[PDB]
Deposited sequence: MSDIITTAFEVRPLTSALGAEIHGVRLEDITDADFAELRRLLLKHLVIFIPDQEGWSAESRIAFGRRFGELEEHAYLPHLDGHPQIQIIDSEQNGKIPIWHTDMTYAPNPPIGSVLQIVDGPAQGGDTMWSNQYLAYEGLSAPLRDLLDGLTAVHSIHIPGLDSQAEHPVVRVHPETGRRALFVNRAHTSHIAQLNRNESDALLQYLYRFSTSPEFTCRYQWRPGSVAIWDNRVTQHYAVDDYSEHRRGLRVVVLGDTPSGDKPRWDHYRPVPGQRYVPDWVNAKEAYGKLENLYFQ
């Protein structure tokens, strides 16, 4: 294939591939490129059949499946629609679950000519760019990730530094959208450290920004990336997505116990957040 990296950190556009009837050997090459580049982009795949899209995702693992919008007859193929909302926050998908997805395949099938880019960030570089004392600290910490909305209540505890199962490389595994707090620190220390990590981890030297064209497919490794959907458009935007499951996140056993507050202790954040959203 013809491979054109987007940035030094991550991302590559792959020309010369046809997903519809991809061979097992050509798939192995895509998998190798995904381990190298973390998110890959396959242009010009308009018309990709539902059965082929599902078979492709299933090469990676079991697919998430019917209370959410999906293609007729294919609970595996989720519909993302701007009119149904938008996610301008850095996140790693569903890390509030005990077993977050290991990756996704997304194709924007309707969208504006400009606007609605998606950015991804390289969590290997976010960890490696920390100085050695902080890497050593984070290796021994875990964090609670959680969500609390109508119809979905979930929390999970994950290592702050995840060992990728295939590469063995260590990646930061916190994200602003779903991480609540570091379990072995008090909440105020947690807020200060997470605030630094969130901003550092999404430095432009660690990211790439993709402009969607008709027919473009993005495949990303959700074990070692965050992503961000830019909210700079008003046109209708629709995507088809398949979501892949795998093993639970793994890292070092924590080197300290959970922080234990005293009875009646009140968390007073050092930084203001409003009590009412919109």
### Where the deposited sequence has no C-alpha coordinates (positions from 1, in order)
1 to 8, 74, 94, 289 to 297
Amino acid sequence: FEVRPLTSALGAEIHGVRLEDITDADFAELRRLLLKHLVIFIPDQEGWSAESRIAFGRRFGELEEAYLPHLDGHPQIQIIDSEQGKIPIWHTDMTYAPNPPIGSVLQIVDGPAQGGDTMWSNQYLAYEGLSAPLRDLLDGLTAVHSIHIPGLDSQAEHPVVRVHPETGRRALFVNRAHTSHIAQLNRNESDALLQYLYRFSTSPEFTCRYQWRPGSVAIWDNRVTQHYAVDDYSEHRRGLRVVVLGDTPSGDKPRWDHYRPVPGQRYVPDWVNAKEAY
From here on, numbers count along this sequence of modelled residues.
### Task
May I ask whether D247 is missing from the deposited models in at least a third of the other compared entries?
no
### Query
How about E235: is it missing in a third or more of the other compared entries?
yes
### Query
Mean C-alpha B-factor higher for 33 to 41, or for 212 to 220?
212 to 220
### Query
Between 7 to 15 and 264 to 272, which has the higher average C-alpha B-factor in the PDB entry?
264 to 272
### Message
By the CA temperature factor listed in this entry, which of these ranks top: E157, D139, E83, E205?
### Response
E83
### Message
According to the Cα B-factor stored in this entry, which of the following is highest: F60, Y67, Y228, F27?
### Response
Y67
## Note on the structure
Tertile call for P75 (CA temperature factor, within chain, third-based) is the highest
### Query
Lowest, middle or highest third of the chain for the C-alpha temperature factor of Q114?
highest
### Message
Per the entry's values, where does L152 land by CA temperature factor relative to the rest of its chain, in the lowest, middle or highest third?
### Response
highest
#### Entry: Chain thirds of CA B-factor: placement of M94
middle
#### Entry: Third of chain Cα B-factors occupied by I102
middle
